[PDB]
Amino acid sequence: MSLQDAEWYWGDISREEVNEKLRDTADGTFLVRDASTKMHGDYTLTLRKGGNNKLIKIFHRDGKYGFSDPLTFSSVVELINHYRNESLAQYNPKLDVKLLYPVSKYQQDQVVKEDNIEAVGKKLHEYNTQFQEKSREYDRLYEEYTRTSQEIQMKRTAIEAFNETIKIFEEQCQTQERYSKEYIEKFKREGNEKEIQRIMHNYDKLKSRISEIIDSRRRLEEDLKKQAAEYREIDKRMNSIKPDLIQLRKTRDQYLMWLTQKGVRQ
């Protein structure tokens, strides 16, 4: 019946801390906290509605409490339950949702079940240690991911450049063929044999050139294939550790909060 022992009353936590807690949760989810002004009497109800967190001020005058102007309560606990059962159209007749899921202090703190401040401190040290380590790994992976992404792009652009190059050398061949044929017919008809072979020799040179360029592109295509495989594996490994790294951080943050709580305060 007292405000302090209420499971959904969270004291001096920030807007942001509430955003995290109400993030992606269902309509009707709520909690109450101190106002962001810290005016020692004012509290703020935060209610989940339509994918959005609503801030509802709890107005505290004489001995009473009220959403709206008619101050018709005496404790904050009264008010929350009065809406927790009935509809919220009493506040404002538009889109009443009441108050159905409370974010409770109590399921949170079961996560930390160590008795003494020393047990907590020690596990905080382990978790923090694991976290800075696994942060470092994930940062390292992201740099590799980024470098690998860039190189794959360079290589794609280089393959296009090969394609254009090969086309041009293939055009030279066709050009040489359009022309030379009407000359081979004539250098034979006029006795010259060495001049014929100089034509053939330039054609052989062009042909082998095109073949080296085509192989070079072939090799780059192969490297592109390999690196494309590395890239997806780098992506898999980041997808694997992301959610674990997030969880671990929240666990570390939880022990740290727990330590704070069972330490001296001022």
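Residue numbers run from 1 along the displayed sequence. Rigid core (definition): largest C-alpha set, two forms, superposition within 1.5 Å.
The segment moving more, judged by mean Cα distance from this form in 8 other deposited structures of this protein after a core overlay, is 196-204 among 196-204 and 218-226. Between 132-140 and 187-195, the larger root mean square Cα shift in 8 other deposited structures of this protein, once each structure is superposed on the rigid core, falls on 187-195.
Omission of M39 is seen in a third or more of the other entries compared for this protein where the adjacent residues are built. In this entry, 52-60 has the higher mean Cα B-factor, the comparison being between 52-60 and 198-206.
Of the two stretches examined, 181-189 and 126-134, the record assigns the greater average C-alpha temperature factor to 181-189. Within the listed group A119, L79, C173, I166, the record reports its top CA B-factor for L79.
By the numbers in the PDB entry, the CA B factor is greatest at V97 among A161, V97, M154, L141. Among the modelled residues of the chain, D34 sits in the middle third by CA temperature factor in this PDB entry. Looking at the C-alpha B-factors along this chain, the one for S68 belongs to the highest third.
In the PDB entry, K226 places in the middle third of its chain by CA B-factor.
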